[PDB]
Structure formats: structure tokens, C-alpha cells
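One chain comes next, on its own, written as C-alpha cells: the form deposited in one PDB entry.
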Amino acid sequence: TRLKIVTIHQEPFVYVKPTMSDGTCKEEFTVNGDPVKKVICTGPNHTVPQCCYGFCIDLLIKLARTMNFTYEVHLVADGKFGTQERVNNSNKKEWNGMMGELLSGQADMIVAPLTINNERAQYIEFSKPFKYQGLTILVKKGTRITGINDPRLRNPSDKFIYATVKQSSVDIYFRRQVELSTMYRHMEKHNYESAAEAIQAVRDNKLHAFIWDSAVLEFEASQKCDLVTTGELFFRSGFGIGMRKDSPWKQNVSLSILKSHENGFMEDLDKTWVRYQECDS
């Protein structure tokens, strides 16, 4: 009966914290003074129960209420979003990350900042976008780069290292475009396992530029005054809920998302989780 929901750590959409010593989740309040809704999410720390909250968790709760379903949340085991790759040193291809879990049945729905792209749409179904965003670049304040067309990115050198997250939509964006071959070849040698690690690397001067989702990078840069983004987005894409094709939830999930875009719910999530205070971290 319970839907198996898979998600991934990705602030401000999904925060992941340890439970308190008694197994419960710390009582916290939003900027508006309301209780922060927290759900138990099992996953690698060893796999244990942890506390999850954020933009996507509030969205999941809204969907569950509106569509009248129960659920259990877990964090993707390999910590990745999902790309299709050859496995077991053979020519057989399988999806990794949340994509792989949804296709295998380990999950029934992906509720996370999951990018809608053509490659994934060939295998799964997406709801209409719950968030409209794109791609941008994160650098340390002081680093001078124009954007995706900067010579230090287009004419790669070991003097200026840039990368993205392994097995993600951004990795595929660069891998599937011949014009971006030189950039792809450079990043392939530097890609990180998670967005948090890449962001920390930029802060520590170990990575000079991190190419990633603007919804995430603009939030990170706006919370940390030592980090900035390169301005305008160089590509636009949306985040959607993922389900297996021919699922009984597709129509209703999109109806819920439509209602939330129409009545201010999505806008309120932005004021609660994305734009609400000056930098302090």
C-alpha cells in the first residue's frame, strides 16, 4: 500500500540530519514561525534512520495529502541522481542512482530536484515541472569568469579546474554534445560524488568552478558570502516528479502540481526554503 519514495540529499530541497539520541527529529521552526515538517528517511550515513525536511519534503507531504496515499522515504543507496551506463564490464546498460531504483522497483516515485531531460523520459515518466530553473556556475568571490563561454573553460588547463557531479543530468548535458567535448574531457577527470562536496571544494580553493543546477547554486551562493554564481543561466530546465511509465499516479501528480503553481503554494515554498534571509554560513 505504502509508496516507496526515493530522494537524495540536496539543500535546500532535501536536508538530511541525524535523529536525536531518542530516535526522534529535533523540533525546529521555519522563518514564519511554523513547525518544520520532518519525515524519517532511511539511508547511508551504514544505513540508518535519519531526519529529512525541505522544499521537496513539504511537496511530498502536500502530494500525499492531496492524492490520499501513504509512503515511506529512503535516500538513494549510491547517492546519485542517475545516468545510463554499461555494467559488470559488459555491454549491458542499466541506470544508476534514483533512476535505477525507480526502474527496478526499489522505489515507486522519485521526489527530489530531479531534472527532466530527454534521455530519462525515454525510460520513465515525469510530472509537469514543479520548479523552473537551469544551469549556472559557482566560483569563489574574486574568481573572474564570464560564464560557460569563458576561455578558461573552453580552453581547459590544469591551472583552472572545473567540474560537476558524477552520474547526473549535468554530466549527460556535456557528454551528449560534440561541441562540448573538450569541456567534458576535462571535467571527467575532476567530477565529484555529490554537490555538497563540490561546493565545499570551491570554498576551500580546491575546485575553481562548479557547474550545476541554478536552483541549488543560487541558494548556496546567497547563503555564503564567499561564494557567487556567474549570473545568467546558460540553459533552462525543470525539476519534475519521476514515476515508471504507465503509472496510476501521473495524471494526479501533475494536477496537484498545477494547483500548487496556481494558488501560491509553490511560491510560499520559495519564501520558506529559498529566499528569506541574508548570508550567514
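Position 1 is the first residue in the sequence shown; the rest follow in order. Take the two forms, find the largest set of C-alpha atoms that superpose within 1.5 Å, and that set is the rigid core.
Beyond what is shown, the protein has a form deposited in another entry; the following relates to that form.
No residue in 78, 197, 72, 119 other than 197 shows a CA shift of 2 angstroms or more between the shown form and the other one after fitting the rigid core. Remark: with the core as the superposition reference, the CA shift of residue 152 between the shown form and the other one reaches 2 Å or more. Residue 58 shows a C-alpha shift below 2 Å between the shown form and the other one [criterion: core-superposed Cα displacement of 2 Å]. When the rigid core is held fixed, the Cα atom of residue 256 travels less than 2 angstroms between the shown form and the other one. Here's the thing about residue 72 and residue 168: their CA atoms end up at least 3 Å farther apart in the other form than they are in this form.
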